[PDB]
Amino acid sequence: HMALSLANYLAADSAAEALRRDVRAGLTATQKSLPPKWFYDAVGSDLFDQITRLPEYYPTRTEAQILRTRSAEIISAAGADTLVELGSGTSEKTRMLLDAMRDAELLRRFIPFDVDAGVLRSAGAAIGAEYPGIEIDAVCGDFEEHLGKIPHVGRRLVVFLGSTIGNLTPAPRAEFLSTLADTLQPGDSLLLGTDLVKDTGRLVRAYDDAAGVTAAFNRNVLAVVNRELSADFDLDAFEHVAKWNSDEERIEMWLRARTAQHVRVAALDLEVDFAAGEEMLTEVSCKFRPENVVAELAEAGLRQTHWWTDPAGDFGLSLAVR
C-alpha cells in the first residue's frame, strides 16, 4: 500500500527554466530542433504507452519476449538482491525481473528512478502489494544528472531498458555510460537494452505507424510549448516525418511545416518563422550493431558478460559489470 521512501531532486521551477532555455536555443538555431525529453508530459507519456502496443513498433514486445524466456538466467547471472530501474517501474518487464528474483529467493529491494513522483508513488504501491515485505526506495530524478543519488545498498541490478540509451547522441551517450559505470560497485550489474540495425523499411514504419499515433506523439511537443511558454504553434500545419540516417545509423523524427508559419512564444518574448517545407528535428533513435555495443560498454569501463537477442536479431540485451 503506502510504505515508501522517496527522494525528489526535481524542482518545478528548475524544469521550467530548462524548458525556456531549450526552446529558445532550439527555435533560434538555423537548423531548428527541440529536445525529446519534453515529449513526456502526461498526454505524451500516455501516447508513448500506446506506441508500445502498435503493430509497427516491435521494440517493446521484442524486449519483453527476451525477458520472458531468459529472466531466470539474467537473475542467476546477476545474483542481485536489489533491482534498480532507470524508468517508471510500471511495466510487465519490471515484474518479469522481480518475479525471477523472488523465485530465486533473492529479492529484497526495489529502487525505481524516474522524473514523475506521482508515477513512482503508484509504482511503489503496486509493487509493494505484489511483493509483500519488499523495501522500496524511490528516486525522482533525471538519469543524465542524478545517477549519483541512487542508493548504494545491497547487490544491485541496474536496468536501462527499451533502448532509451539510443535517444542519446554519441557524446552524451558515452558520458552517461561512464557516469553510470562509476556508480557500480563490485557485485553490481548493468542490464542494457539496445535496439539493433535491421531492415530500414521496418525501422521507418516503427516510427511512422499507419494509425498516426507516433505523429500525434511528435506534434504534442508543440502543444507542450504552446501551453507552458504561451506559444501559438498550429499543430495542423506540421507534418510528421520519420527518416533513416544511414551515416549515423539512426532513426530521426522531424516536424515539417506544410506552409510558412509565424510562431510567437510569448513567455520568451520571441518570434520565429518556419519556411514552407522547413523541417525541425525532434528526436533521434540510434540503432546498434552487436559488436559496437560491446565496444561502447568497454569504453565506459564495463565488460559485457552476457548477451541475449531474439531469433530475428531485432533487439539485444547486455549484462555488464565493472
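The numbering used is simple: start at 1 and walk along the sequence shown.
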Find out whether the coordinates of residue 51 are absent in at least a third of the other compared PDB entries of the same protein. no
Would you determine, from the values in the PDB entry, which of 83-91 and 138-146 has the greater average C-alpha temperature factor? 83-91
Of 267-275 and 280-288, which one has the bigger average CA B-factor? 267-275
By the entry's C-alpha temperature factors, tell me which of 193, 112, 154, 212 sits highest. 154
By its CA B factor, does residue 244 count among the lowest, middle or highest third of the modelled residues in the chain? middle
When the deposited Cα B-factors of this chain's modelled residues are ordered and cut into thirds, is residue 309 in the lowest, the middle or the highest one? lowest
By its CA B factor, does residue 184 count among the lowest, middle or highest third of the modelled residues in the chain? highest
Among the modelled residues of this chain, does the Cα B factor of residue 128 put it in the lowest, middle or highest third? highest
Temperature factor at the Cα of residue 118, chain-ranked in thirds, falls in the highest
